[PDB]
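Summary of structural features
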Amino acid sequence: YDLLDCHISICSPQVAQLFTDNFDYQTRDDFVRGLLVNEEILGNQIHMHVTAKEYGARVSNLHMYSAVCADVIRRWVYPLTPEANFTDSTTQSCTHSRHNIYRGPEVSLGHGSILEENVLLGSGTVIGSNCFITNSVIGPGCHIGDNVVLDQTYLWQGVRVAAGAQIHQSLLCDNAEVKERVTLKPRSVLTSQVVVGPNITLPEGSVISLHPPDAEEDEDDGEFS
Amino acid sequence: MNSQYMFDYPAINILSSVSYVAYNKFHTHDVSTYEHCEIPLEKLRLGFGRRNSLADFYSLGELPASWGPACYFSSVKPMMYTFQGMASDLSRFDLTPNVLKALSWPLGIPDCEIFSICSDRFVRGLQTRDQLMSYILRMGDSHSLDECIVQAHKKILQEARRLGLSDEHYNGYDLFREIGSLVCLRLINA
Amino acid sequence: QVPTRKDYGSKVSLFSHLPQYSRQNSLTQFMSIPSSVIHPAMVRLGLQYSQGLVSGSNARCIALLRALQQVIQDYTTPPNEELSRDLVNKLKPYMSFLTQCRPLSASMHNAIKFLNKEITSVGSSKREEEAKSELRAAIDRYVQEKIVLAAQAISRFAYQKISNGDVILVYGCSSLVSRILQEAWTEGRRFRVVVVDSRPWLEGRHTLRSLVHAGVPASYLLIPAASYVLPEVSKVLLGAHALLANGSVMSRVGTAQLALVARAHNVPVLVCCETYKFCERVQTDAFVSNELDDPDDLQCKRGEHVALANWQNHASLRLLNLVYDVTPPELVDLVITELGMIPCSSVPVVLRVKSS
Amino acid sequence: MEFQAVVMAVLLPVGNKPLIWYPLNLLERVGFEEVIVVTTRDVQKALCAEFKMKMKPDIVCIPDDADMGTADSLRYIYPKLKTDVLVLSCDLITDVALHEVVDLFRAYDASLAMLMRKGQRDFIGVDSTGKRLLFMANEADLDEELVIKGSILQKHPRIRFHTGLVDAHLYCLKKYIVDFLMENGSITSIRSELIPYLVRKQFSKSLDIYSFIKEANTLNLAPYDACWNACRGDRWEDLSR
Amino acid sequence: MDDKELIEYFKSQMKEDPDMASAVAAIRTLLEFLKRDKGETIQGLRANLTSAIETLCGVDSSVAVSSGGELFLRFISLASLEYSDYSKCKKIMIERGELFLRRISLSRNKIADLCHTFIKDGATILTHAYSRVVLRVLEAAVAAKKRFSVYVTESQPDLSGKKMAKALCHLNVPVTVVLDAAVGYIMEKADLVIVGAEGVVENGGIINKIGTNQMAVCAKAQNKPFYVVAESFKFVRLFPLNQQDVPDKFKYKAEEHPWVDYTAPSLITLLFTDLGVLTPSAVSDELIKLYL
């Protein structure tokens, strides 16, 4: 029970043949269970390889996404590192400092702001005054106001945040915007340019988007309808 | 360790009476003095300064080393309590409608020990300490003397708010004077 | 009588005089199951020592005192004999066997000396049950005042030094340090903690499990990287296994390294220890008096090969597993005891005042 | 004194030398000056008289009733119990250094220590270190699926299972186990119900159970084939003794 | 008796005898206040005494005042230890206070009659600021007909060094005033550096004038002897870990200009108190013995 499914498999063309014969099979788990219930006919023993010195995971939801981001920022998947720039792109050039403070080019940290630990800043970002950012990731080209508190959040490219906001454990998709005197509860989600109106505090489970039905709430200038 | 040295230890037995015993050695916690009574600050912390409004101290988790008439340099900025005359006059009464429920407070069962305490013929010597702490021990709901002091002051402040007595006039410099004044005003109110 | 544990593996020439046993070799293989030497309060404690079930010095002292309480309770006087001397003469083999299982520490030495003094102080006219009850009561009072109240007083003292927004460095699994930090965090102090661990015991993880369970922000790293983290460290706090009359500190192997590098980085050093742990004996190095654990713990599996697998087949090769070392007094700035906050040079003074 | 050797018999002095002599000798191989044996009464409550013709160091014999299991025998013999016990069986031919098993009872202060051997129907499951058993069941009470609780896997995420292992019916047991046996008459046999009850009760100041695995010898089982194998191996076993 | 009257009593006691130490005047003020209190309970004594202690500490932020107050309160506890009755207690308080005052009065001469034996003829003396104890021991050394050179720093915040230079020229002693930044340049020509102490911390380090620490470090670099003189009542149960750890109530009120520095015992050769010549461990021993 101590294993973790890395979703990595070594397969033989026999796997393809079994899939093209057994029509009902749809996923890997279905194939494994069907082979393990159809034992005597086409025995086809399945083998396992367990590793304990290297990292491997498969993101499938926001929980796994946050866990994997935290592990990656903390150099758990070395040599893969935000400052390693394994994809040779100019934007993702980074410098590594104490407490895993990753800084890109042209960050322009504001006076009085504090980067505590495990923080990555995209290139072109702007940070206000007396900001407190911890265990978070800020995409390139963002803009943050003064006295903003960010904890375990994730901001993609182009996100704009007004001064005085408090953000914890939420996710803000690209080109999103937040107005003043707004507090986000943990596990909140902002998607695809949704702007949250001033003077509102969203509840714990708060997923919003432009599309009306799927998102729990849809809006562009507020949270009350 | 000069702050930790205490002469008399108020042993606690649990209506909710204390007993002072000869314990002349350095204590494990800071000890404050009020009306010659020693309170071990096991739950609180020693505080300095001559700031008035004793509530200003335990609001920060602190308690003054010494205060009250027993201290010539009391750190609570003493005041007058110009309501004790009727308390002294009624002190000669006994435990005997609306009057009974008026003095049912503080314990909830009517009593008259406070007026004996607040009597004119009350010299606050050594022998007078014990019951006072026991009295305070009956006030609060705790097992530490400092916590009982804090809870009693909370009760005093909230009843003063209830009857509108301008708490800036009630700094808690003398607790028994506050108790007597409030009880007398409640009796005269009805 | 009890046999002698066989030394396992060759030893370094400089450490030829010290014993070195193996965890696989247990002395109980040559002893009766219904223990006939004396009642088996011996064997339980001896096995838990040899197999390393209990590691903390305070834990070792408490376990030894509980076992010896059982010894006293089960003990009965022989006819035509005096308890005050027969008890000690019978107890000496317990100490011999326990030393055979694993060498004793300063705390247990002090406990044995204190209990021997208590037994000697017992008169020859008092009755058996009264003597046993008073011995048990004395053991209980010793445990209380020398561990629990001492720890509480030391925590109260240490609460003063711990300032807001600072970084405190600890080392190894020490109950006193963990309790001090937990109580300090309870009183509203806000700070970080940096944990330094060392092979092969890796017991530092223990205190890490405590720190997260107390909600204290923490960091973890091995000993060699300490020189990398000290510049951002504001205070170093170390538990001690013993204090000597010369002011030196006998502790786990890495303590002296941390003290030296902290001095080289201009960082104050704190040593927290209880008065009962003070030992009158003195030494200037870790060679004269130490303990060599099982060298087989040094083997590690890197990749798919263990380099030290067949180390016995190389005649020239030698392995040492030190468990103790001596920190010189001049690198120590504090000793925090129930008596207060003292310098190292004042260690003998305590030994003078507590002796009478 | 804290171990009181106890011998169960519900046997027959078959073989070159009496069967009951073989385990009892082991007791005198390591101390155990005194030993308690319980005989059968369904056939005749006088086998103790026949056994009294041996030459062991010291023997104590106690008769029983006609129908009484091992747990029932312990229930009868409890008034003679004052400390931890070491229950054995007459049918057991082994050369085990007993000091290993009691070590599990000694070092870890376990509530139960047992001896288990690689046989050459009942499933057992120990942890990775192979000392503390965590699960045990029999196919009699299992229909088709073997059930494991979530909590045990939370505390122990790696369980090693053994199937063909054979018990030696040797157990170091604590006194409060005997007291609990006193408290409840629903228990009739140790192996059948008592041990699995404790194993399950380990997971509701807790219960520690340990088993030592051996690779040398089994007990002379009820089948005559086991008796023949024991007779064949007895010469080699007694060559050292 | 009121706090104001205490303040003028303390100030008058200071002004009448400029040679009196601050702690001596504070102890005299405390004894006089105890003499006229009309209290009845020992606890009432303790509360009033400690409150007056903070009052005087506010009046004068010197470490000596706080040390004297702590010593006074410990003396109160010691006197009350074995006197259940209060009147006998009070009389013993008064008589032991008289003895204590006369002994601390003679303490300076006791230190002088012992310290002067270390002044080698023809040697060089280095001193930091205007300390009365070092002046007294230099007077004693001169009385023994010894010849020596003296260098004194200027103590930039308040030029007490020039005042000491004047007081030494009054005794016909070769003295030279040197800048506070030239100590190293002078450290080569020195033979032994004697300095007074504002206060003594647990392990033997000294609380003193702000420039002391650098001089001690430089002297240790050149391996020159470094002697510190102080009285018994200047002992205190404080223990800084570095210069930052010193309480702010002693640094200031006596950009940023602290009046106080701490010197570690490792840079101190010997201490000269009325008890005798002491190693730094002896101070910790005395403090431990005093508090049980």
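Conventions adopted
Residues carry numbers counted from 1 along their chain as the sequence is written. These may differ from the entry numbering, and residues without coordinates are not shown. Key to labels: chains lettered from A, ligands numbered from 1, both in the order written. Every figure given here refers to the displayed chains, which form just one part of a larger assembly. Only hydrogens and water are removed before side-chain values are computed, so all heavy atoms of the structure are retained for them. Residues with missing side-chain atoms are left out of burial classes, side-chain pairs and their counts. Only protein atoms enter the 1 Å grid used here, on which a cavity is any set of points holding a 1.4 Å probe that cannot leave and a pocket is any open set flanked by protein within 12 Å on both sides along at least five of seven lines; residues with an atom within 4 Å of a point are listed as lining. Grid points are joined across faces, edges and corners, and a volume is the space filled by probe spheres set on the points. Each helix is a run of H or I in the DSSP string that is no shorter than four residues. Each strand is a run of E no shorter than two, and both are numbered from the N terminus. Residues were grouped as follows: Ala, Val, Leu, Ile, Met, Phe, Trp, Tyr, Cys and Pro as nonpolar; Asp, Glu, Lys and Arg as charged; and all remaining residues, including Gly, as polar. Here the bounds of each domain stem from an automatic or database domain assignment. Burial classification: accessible surface area is computed with a 1.4 Å probe over protein chains only, and a residue below 20% of its type maximum counts as buried, one above 50% as exposed, and the rest as partly exposed. Working definition: the arc comes from the directions between the helix axis and the C-beta atoms, pointing outward to the latter. Only heavy atoms matter for contacts: two residues are in contact if any of them lie within 4.5 Å across the pair. Accessible area that two parts lose when put together, with a 1.4 Å probe and added across both, is what the buried area reports. Whenever a carboxyl oxygen of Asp or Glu lies within 4 Å of a side-chain nitrogen of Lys or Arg, that contact is scored as a salt bridge. Here, nonpolar core refers to any group of buried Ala, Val, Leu, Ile, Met, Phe, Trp, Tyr and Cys residues whose side-chain atoms link them within 4.5 Å.

Per the deposition metadata, cryo-EM was the technique used to determine this entry, at a resolution of 3.59 Å.

With that settled, the discussion passes to empty space enclosed by the protein. Residue and element names in this part refer to chain C. For the largest cavity, the calculated volume is near 240 Å³. Around the largest cavity, the lining is made up of 21 residues, and of these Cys-173, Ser-174, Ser-175, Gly-239 and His-241 lie nearest the centre. Counting only elements with at least two residues in the lining of the largest cavity, the list comes to α2 (57-74) and α6 (175-186). A class-by-class count of the residues in the lining of the largest cavity yields six nonpolar, 11 polar and four charged. Taken together, domain 1 (1-153) and domain 2 (154-356) each give at least three residues to the lining of the largest cavity, which thus spans both.

Between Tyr-78 of chain A and the following residue, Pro-79 of chain A, the backbone shows a cis peptide bond with an omega angle of 5°. Tracing the sequence through the fold places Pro-79 of chain A in the loop between α3 (62-73) and β1 (95-96). Residue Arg-199 of chain C is joined to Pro-200 of chain C through a cis peptide bond whose omega torsion reads 0°. Tracing the backbone shows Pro-200 of chain C in the loop between β2 (192-197) and α7 (204-213). Its identity is not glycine, yet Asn-100 of chain A carries a phi of approximately 55°, on the positive side. By the element assignment, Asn-100 of chain A lies in the loop between β1 and β2 (101-103). We note that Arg-181 of chain A has phi near 55°; this positive angle belongs to a residue other than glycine. Position of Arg-181 of chain A among the secondary structure elements: in the loop between β13 (177-178) and β14 (182-184). With relative accessibility at 58%, the residue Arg-181 of chain A sits in the exposed group.

Residue and element names in this part refer to chain E. For helix α7 (residues 160-169), the complete set of buried residues consists of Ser-160, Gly-161, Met-164, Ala-165 and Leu-168. Summarising the axial view, the buried residues of α7 lie within an arc of 145°, below the 170-degree limit, and thus occupy one face. With respect to the buried face of α7, the exposed residues turned more than 90 degrees away are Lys-166 and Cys-169.

All right, on to the domain arrangement of chain E then. Residues and elements named next belong to chain E. When cut into domains, chain E gives domain 1 (3-111) and domain 2 (112-290). Placing the centre of domain 1 and that of domain 2 at their C-alpha centroids yields a distance of 26 Å. The interface of domain 1 with domain 2 comprises 22 residues on the first partner and 24 residues on the second. For the pair domain 1 and domain 2, the summed buried surface comes to about 2,000 Å²; carbon and sulfur atoms form 59% of the total. For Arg-132, the salt bridge is made with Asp-19, and the minimal N-O distance between the two is 2.4 Å. Looking at which element gives the most residues to the side of domain 1 that touches domain 2, the answer is helix α4 (residues 63-81), with eight residues. In the side of domain 1 that touches domain 2, the residues fall into 10 nonpolar, seven polar and five charged.

Quick look at the nonpolar core now. By size, the foremost hydrophobic cluster in this structure holds 67 residues, and its most contacted members are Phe-72, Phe-226 and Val-228 of chain E. Sort the elements by how many residues they give to this core and helix α2 (residues 22-35) of chain E lands first, with nine residues. Counting contributing residues per domain, this core is built from domain 1 (3-111) and domain 2 (112-290) of chain E, each supplying no fewer than three. Sequence-distant contacts of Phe-72 of chain E, defined by excluding residues within four places in its chain, comprise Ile-27, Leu-30, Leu-31, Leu-34 and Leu-49 of chain E. Counting 49 residues, the second-largest nonpolar core is a separate cluster that includes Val-76, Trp-105, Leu-132 and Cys-148 of chain B.

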